[PDB]
Amino acid sequence: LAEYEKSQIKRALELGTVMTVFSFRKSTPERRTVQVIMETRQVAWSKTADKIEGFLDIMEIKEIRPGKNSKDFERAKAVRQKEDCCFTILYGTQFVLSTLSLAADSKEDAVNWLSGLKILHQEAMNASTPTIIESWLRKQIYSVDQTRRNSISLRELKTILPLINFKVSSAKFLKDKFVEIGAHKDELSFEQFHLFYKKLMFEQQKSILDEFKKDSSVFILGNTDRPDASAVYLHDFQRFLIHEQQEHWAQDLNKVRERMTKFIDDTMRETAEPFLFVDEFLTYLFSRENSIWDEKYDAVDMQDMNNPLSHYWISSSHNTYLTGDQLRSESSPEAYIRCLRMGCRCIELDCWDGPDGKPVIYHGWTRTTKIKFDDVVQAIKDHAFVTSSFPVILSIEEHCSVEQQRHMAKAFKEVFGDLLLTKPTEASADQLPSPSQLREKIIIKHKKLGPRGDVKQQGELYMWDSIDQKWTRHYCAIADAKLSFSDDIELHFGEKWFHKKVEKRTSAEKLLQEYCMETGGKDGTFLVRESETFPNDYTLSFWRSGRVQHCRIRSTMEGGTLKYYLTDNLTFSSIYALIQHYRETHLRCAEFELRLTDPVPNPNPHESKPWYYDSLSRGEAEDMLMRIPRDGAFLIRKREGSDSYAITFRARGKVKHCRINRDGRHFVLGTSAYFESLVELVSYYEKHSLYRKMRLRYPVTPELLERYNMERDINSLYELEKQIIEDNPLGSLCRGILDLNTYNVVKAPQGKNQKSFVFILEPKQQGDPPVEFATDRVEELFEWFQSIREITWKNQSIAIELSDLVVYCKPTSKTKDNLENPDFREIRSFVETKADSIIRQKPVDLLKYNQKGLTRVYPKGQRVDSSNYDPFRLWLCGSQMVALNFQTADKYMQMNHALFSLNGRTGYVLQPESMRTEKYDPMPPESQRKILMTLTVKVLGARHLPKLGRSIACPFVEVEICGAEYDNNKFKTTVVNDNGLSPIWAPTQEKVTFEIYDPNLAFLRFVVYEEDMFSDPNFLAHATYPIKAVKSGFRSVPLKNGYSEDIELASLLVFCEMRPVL
Amino acid sequence: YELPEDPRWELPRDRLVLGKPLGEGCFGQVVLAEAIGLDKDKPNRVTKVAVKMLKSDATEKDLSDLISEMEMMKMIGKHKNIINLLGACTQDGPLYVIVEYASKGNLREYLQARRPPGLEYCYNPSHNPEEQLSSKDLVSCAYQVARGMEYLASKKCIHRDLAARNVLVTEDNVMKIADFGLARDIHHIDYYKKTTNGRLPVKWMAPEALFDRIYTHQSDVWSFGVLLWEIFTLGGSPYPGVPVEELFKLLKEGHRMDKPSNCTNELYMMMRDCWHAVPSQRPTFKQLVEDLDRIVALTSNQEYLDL
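Residue labels here follow a simple count from 1 along each chain's written sequence instead of the entry's numbering, which may differ, and residues missing coordinates are not shown. Lettering for chains starts from A, numbering for ligands starts from 1, and both go in the order in which the items are written. To obtain the side-chain values, all non-hydrogen atoms of the structure were included, while hydrogens and water were left out.

Per the deposition metadata, cryo-EM was the technique used to determine this entry, at a resolution of 4.1 Å.

Next comes the structure, spelled out in structure tokens:
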């Protein structure tokens, strides 16, 4: 396309157009204008041009697809809209991709839409770091208010520091920085903010560069590392790259010039020697182009794709349809789409019976939904090779009837044609072909005919508790004469302006005075109180434009009713009417014309809250905490002798006290989170977690405390506990385990507690409280009841066609545990327990089988939490189909992404030849182990760590070697306090030594954690890399969320030196 | 007998615990009791209330009288300056009337208990120097009572026994008219048989009600003037030393009680107005309300922003 053309494309995208928006939340679509914003690089959709309603980061857009092939267009509404005009965009940093579905008005507009979004995507991916910093600052500005303005005031800045995860130290150097940056009158033009922003980072983290220059080395920086901006010279810069960063392409100067030109991206800087400022040099050292990750592995290595397929680690996944836990997770084809676009090349289908005949997919005997098979295969084709054109392996855990397999295979062939593999590529060959030979082909893995040519109850149930007095849906399963269940599956008086008992007019005037001075100083702002002097009359004690005055709300009777009036000019019944009409329309006295702004809330509304105790000593609080068994319980108590508060709670079965202090009117938790009101504190922490993963769910009030004392026994989960976890089929989700032997169920005919179908446990020991599970369906109730009742007391299975379709990867259990006679056409399907047993027993034999044979490993059914297992050892022995759950995020999963990033995320990774040699052994003992490469790491500082909750992060970093047990070493970094955006790790702390025995497969893992008020590390971001891809020098690891998605500007500076052992 | 139930006022009997009786009339008794869950949003809240109940030897006419009394409270409504019905217990037990409770009793005894030193008939050990009522306090109390009669007359209520004994003081001192809405037959009430045995407030009535038994809102104004006299005599007995027999000739000769020592001239002329011989020229309660509010605004010596 021509560039003059691009101008119209972008400008059109910038002007925007009314565009029909679909989403699952609204059955009826909404006509809303959609326009792209370069300054934010966000495609926003809204009604009024002043405020943009929906945000959409262009970078997190993972793909753009045409047509109506998205989960949204099932409301049968866009059907009216033509196929061509409709499309949808998928985006986000979660395994489920949040979707924006659009319906156009004319085709050419739709084509231009998709074209512009694509081009913007490539440029954004190519965008220089300072430009995206500008876009991100602009995003913050757009966030602070929705008026899209280009200015910021002092107050917005201070409230914005938490947004950027940066704490103001004392608010007095902030005005000093204002003076320095030249901004005045507490206003910020966009560029003043940009410069102030740079100054903040540079002054905060200049010690980075202070160590950078160091000594005993090639001159890179001079002594002008003072906050004074200084230039980076092109010859000096190429000296730096050639020596410190050891870049081969840095030998040419013209490349260096091109790189500066791209990175600065300033049309003012057209000098023959473009110069980077010292602070700009910092931005470089944190920028993406200085990634530790070597670019050279991005180009899929073709010469490495000539080996037989037996010599490749493959991207495979375990029961991908599940977007979450193997149990109770929505299954959608978009899971498969996102899976393939990751770069997977082996995918699992557990097809079951088809209701009308067409089969479906759902995890066996669970409540995960059903999605039709034709859509599944259609999506497979439409995204099989688009990101990686190498062959894919669809695995079939067949479970349907013969006619349904016949239809399944017929659909296979009809929708795949030549794309499917239906004939061996090398008939006379005795080995697996090269992945190149199988390019643009689809392998079907599935049980074939036999050697001669011939072949528990689970559900969401109800919990009635006298303590909770409500029905809670808990997932339940039965096994081993016991049952397991999981956690839960899910107007004057009451208004803020009304303050009731206020001590005096002076007190209310004060309260409004501090409220105004700490923030939001307005003219005529009000406070509604009660007159201590005038009977039966309210009082609108009002600040007056830099002052505070007092005037009582006049009251008179009229029509037999209260006339909350005021000088007869205005009279109403509900205080709301006067308050509002005074807010918009100023009250007029012979003195002035002033309105009302702040309806301040009560000083201690928490008093009216039952969960709040007035004065509760520690020991008695502990007493009531130990009396109450439930976890999720909480109570707040005013600490005696001190204005500070305390919140007490039972978690893990341990009582814990947390002290909360107060600054101004805000209540501060620990040292970071500032909440206006205690009611706000509890309301927030109900929907989030405070300690571990516990959330404040159960209030502790005496009226419920008697009902606690009425019944105080709930059966509980009681590494022995982990043994119980692995024993029960519900795994780590089993909150409650109960021996069903001890109960003699009797079905409740009418049930109880306002539910249609319930049944009675009736324990053996009559004193034991019943439980009374309830169902949704009467037939479900009957099935469950009888279930517990017995608890108390040519072809055979595979259709010929599909079995003909399999040509490779044959499933054979005829050899059983014996590996003898490995043939190239077979697959071994292993479960992690038996796989690990084999690895411990006969690893060399596993290797020898592998170099000819195919080895597929999947996690056990006892991991219904979708938790990925430990598969590193499996690759060290060379296991080929290391199938995982992509919908989770565990250390091991990021190891998967690290390994399968290489070769252009094409899903294949050629095993090293040396490990393929006959002589080499997978598992070497201590004697044979010989250190191969030393690796020194010193992290220094970070940038833009995201924010988890309301608490501002106190970050530290763990750098470790994901690999073998001899390869396993960790290093923690001294945590810093209240420094999220621009943290400095100890410039004084030394470098750490790693010894690497097996470099060709070992992972560098940086992770960043934050120390909570309970001193508990939590997951912030990760970075996992194959050590073969590690570059040296001072490089910026770009940080990434748990779901293997990068986070804007997220990076840690680290100096890495890799010295091979000689 | 049987009583139809009204869901809006009916309160469970078991949620009310009776306590120490407060005062006994000729036919009915009133007790201080605790009601649980008077607020339907707060079922566990305990409220101190006054519960009226018939005597054990009560007759059917007294039962009808209490039925009428509760009904009159229901129709008149709610107002701060009157005693407000909270509910009734009519089913499965003796008829109980739950109304608001006044911790400080009627205003006569409350005022008498606050008389400054040198004014006491006998020494009061319970004298608190911090509770002494200024002139603003008396004018405010009078304003509150006047607002009460304005609410009652707005509901066409003639108190017929307006008296300082007949208005209670809340813990918040807020005046609340008591004993209003009493549809008490004027058949035969003796002038010479003291109260609690059936004496009319002869020292509280206007001549039209005294001679022709003409009870009106203007008789209410006359009795409220008597209230002002009592308040600025600090609960004083109307017509000190005047026999009831001589009251007829004194009022007929137009005689009126003197100026209270610590009472201003404006309020004194207000008392004269309330005690005008002709009821039609006597001022109506709304004008008394506005005049008393003006006197309050002048006495309270607090700035207010004339809008």
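What is the right way to look at the domain arrangement of chain B in this model?
By a frequent convention, interface size equals the accessible area lost on bringing the separate parts together. Residue and element names in this part refer to chain B. Segmentation of the chain into domains, including their bounds, is taken from an automatic or database domain assignment. As far as domains go, chain B holds domain 1 (16–100) and domain 2 (107–295). Computed from C-alpha atoms alone, the centre-to-centre distance between domain 1 and domain 2 is 26 Å. In total, about 1,500 Å² of surface goes out of reach between domain 1 and domain 2, with carbon and sulfur atoms giving 62% of it. Salt bridges are defined as contacts in which a side-chain nitrogen from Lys or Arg sits within 4 Å of a carboxyl oxygen from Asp or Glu. On inspection of domain 1 and its partner domain 2, the count reaches two salt bridges. When the shortest N-O distance is used, the salt bridge between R184 and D65 registers 3.7 Å. Distance and chemistry together define a polar contact, namely a pair of N or O atoms within 3.5 Å, with one atom able to donate a hydrogen and the other to accept it when in protein, and with adjacent residues in sequence counting only for side-chain atoms on both sides. Taken together, the connections running from domain 1 to domain 2 amount to six residue pairs in polar contact. Ten residue types, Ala, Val, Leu, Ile, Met, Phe, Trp, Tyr, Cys and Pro, are classed as nonpolar, four, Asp, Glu, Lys and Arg, as charged, and the remainder, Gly among them, as polar. Looking at the side of domain 1 that touches domain 2, its residues break down into five nonpolar, four polar and five charged. Here the quantity called buried area is the total loss of accessible area, with a 1.4 Å probe, experienced by two parts when brought into contact, counted for both.

Looking at this structure, I do not really get the UniProt feature "active site" in chain A. What am I missing?
Residue and element names in this part refer to chain A. UniProt positions are given in the numbering used here, feature names are shortened, and annotations may be inferred rather than shown by experiment. When the UniProt feature table is mapped to this numbering, "active site" covers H318 and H363. These annotated residues cover 46 residues of sequence, but their C-alpha atoms sit close together, with the largest distance between any two at 11.2 Å. Tracing the backbone through its elements, the reader meets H318 in the loop between β11 (312–317) and α10 (333–342). Between two residues, a contact is recorded if the distance between any of their heavy atoms is within 4.5 Å. Apart from the residues lying within four places of it in its own chain, the contact partners of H318 are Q326, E348, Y858, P859, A883, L884 and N885. Only 2.8 Å separates the side chain of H318 from the side chain of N319, close enough to count as a polar contact. A run of DSSP states H or I qualifies as a helix once it reaches four residues; a run of E qualifies as a strand once it reaches two. Both are numbered from the N-terminal end. With respect to the helices and strands, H363 occurs in the loop between β14 (360–361) and β15 (371–372).

Any chance you could explain the sheet that holds β15(A) here in plain terms?
Strand pairing in a sheet relies on backbone hydrogen bonds. The paired strands run either parallel or antiparallel. Residue and element names in this part refer to chain A. Strand order across the open sheet formed by three strands is β13-β14-β15, with antiparallel pairing between neighbours. Of all strands in the sheet, those bounded by a partner on one side alone are β13 (351–352) and β15. For two strands to be treated as a pair, DSSP must find at least two bridges joining them. Pairing geometry for β13 and β14, over two bridges, is antiparallel. In the strand pairing of β14, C351 is matched with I361.

In this structure, what is going on with the interface of chain A and chain B? I would like to understand it.
Listed as interface residues are 25 residues of chain A and, on the opposing side, 24 residues of chain B. Summed over both partners, the interface of chain A with chain B buries about 2,000 Å², with 57% contributed by carbon and sulfur atoms. When the buried area of chain A at its contact with chain B is split by residue, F534(A), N536(A) and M557(A) rank highest and sum to 31% of it. The interface formed by chain A and chain B contains one salt bridge. Between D293(B) and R554(A) there is a salt bridge, and its shortest N-O distance comes to 2.2 Å. Inspection of the region where chain A meets chain B yields seven residue pairs in polar contact. Of the residues forming the side of chain A that touches chain B, the biggest block, three residues, is contributed by strand β26 (residues 555–558) of chain A.

What exactly am I supposed to notice about the UniProt feature "active site" in chain B here?
All names here are of chain B. Mapped onto the present numbering, the UniProt feature "active site" falls on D161. Mapped onto the elements, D161 comes out in the loop between α3 (135–154) and β6 (167–169). Note on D161: relative accessible area 23%, which makes it partly exposed. Apart from residues lying up to four places away in sequence, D161 is in contact with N166 and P201. Categorising residues by exposure relies on relative accessible area from a 1.4 Å probe, with only protein chains included: less than 20% of the type maximum marks a residue as buried, more than 50% marks it as exposed, and the intermediate range marks it as partly exposed.

How do you make sense of the nonpolar core when you look at a structure like this?
Note on soluble globular proteins: their nonpolar side chains tend to be buried together. If you look at the biggest cluster of nonpolar residues, it comprises 76 residues, and the most contacted ones within it are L107(B), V145(B), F180(B), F224(B), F232(B), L267(B) and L292(B). In terms of residue count, α3(B) provides more of this core than any other element does, ten residues in total. When residues are assigned to domains, this core turns out to be shared by domain 1 (16–100) and domain 2 (107–295) of chain B, each giving three or more. Those residues in contact with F180(B) that lie beyond four places of it in its chain are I76(B), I82(B), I83(B), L152(B), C157(B) and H159(B). Ranked by size, the runner-up nonpolar core spans 53 residues in total, among them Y91(A), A110(A), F190(A) and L200(A). Only buried residues count toward a nonpolar core, which is a set of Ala, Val, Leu, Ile, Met, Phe, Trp, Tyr and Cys residues joined through side-chain atoms within 4.5 Å.

Would you mind showing me how to read the sheet that holds strand β4 (residues 85–89) of chain B here?
Residue and element names in this part refer to chain B. If you trace the five strands from one edge of the open sheet to the other, you get β1-β2-β3-β5-β4, paired in antiparallel fashion. Each of the sheet's edge strands pairs with one partner strand only, and the pair in question is β1 (16–24) and β4. The average angle at which neighbouring strand axes cross in this sheet is 30°, direction not considered. Sheet analysis places β4 next to strand β5 (residues 96–100), joined by four bridges and oriented antiparallel. Within the sheet, the bridge partner assigned to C89 lies in β5 and is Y96. Fitted lines through C-alpha atoms give the axes, limited to the stretch in contact for helices. The angle between two N-to-C directions lies from 0 to 180 degrees. Helix α1 (residues 60–76) rests against β3 (46–54), β4 and β5 of the sheet, and its axis sits at about 140° to β3.

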